């Protein structure tokens, strides 16, 4: 099974190399940490964290990069290539892309001001990509709470704490206007904005995302601290200021009897949130991994070794 010390003998400096790469990238692109965490999440929700999302097209299988939840959204692939190259130089054919991305996600969270911990390691890389599975498994911003719960349970995360804590990943990063247009102007064919969206914030968002405007324009997930990893995400939800439907559903859904207290607990205490986030992150990181001699230690994260 996975262990945090997997590379302590074979590549003791892997975490440091990953950190250095992100630190350097953050200077030119302050959004990279958020982007990397999102990559790990979308890796894990499709056949487990096996770096299948990093694979490019082949004539035998399509890339997950063209999934509805990844196309024109997922980013940072070149950055992963960079750290992988650096790590391959430090320790040839040792660290899997799956593990590398997991470490990158944790380091990204820490660099953004979040908790610091050692992630379990020992994952191996997939021998194929799963586009159809990605389209079926990746949750969408328009999901209701029951659908969000179903999506998490589908991949192995049964706990509402998993859902509420991991959703905290939206404490930083960007979101396209495209995904909230319904909430702002015509929610569920009601001809009205989403009633669970704070009316003052509604005005602000309408100004950033006017009807018939640029749907690709970006908006911050957390209006309090856009680039800092903290519990402000939950404080927002309590005030009906979650950006996308799936965020606000955690606090306002008729099915939120179990998630409301979790949202409050995380909003009330940074420690409680950070603790739950690490716990949920490691559980997500433990979703159907390839281990031992299963799969490979991919040399180029974009292609299967031949």
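Numbering follows the first chain given and starts at 1.
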Of 27 to 35 and 49 to 57, the stretch with the higher mean C-alpha B-factor in the deposited entry is 27 to 35
Between 263 to 271 and 65 to 73 (mean CA B-factor, as deposited), the higher: 263 to 271
Name the residue from 164, 138, 211, 177 with the greatest C-alpha temperature factor listed in the entry. 211
Checking the entry, which one of 206, 149, 84, 183 has the top C-alpha B factor? 84
Residue 288's Cα B-factor: lowest, middle or highest third of the chain? lowest
Residue 191: CA B-factor among chain residues, third -> highest
Third of chain Cα B-factors occupied by residue 198: middle
Residue 172: CA B-factor among chain residues, third -> middle
For residue 122, the third of its chain into which the C-alpha B factor falls: lowest
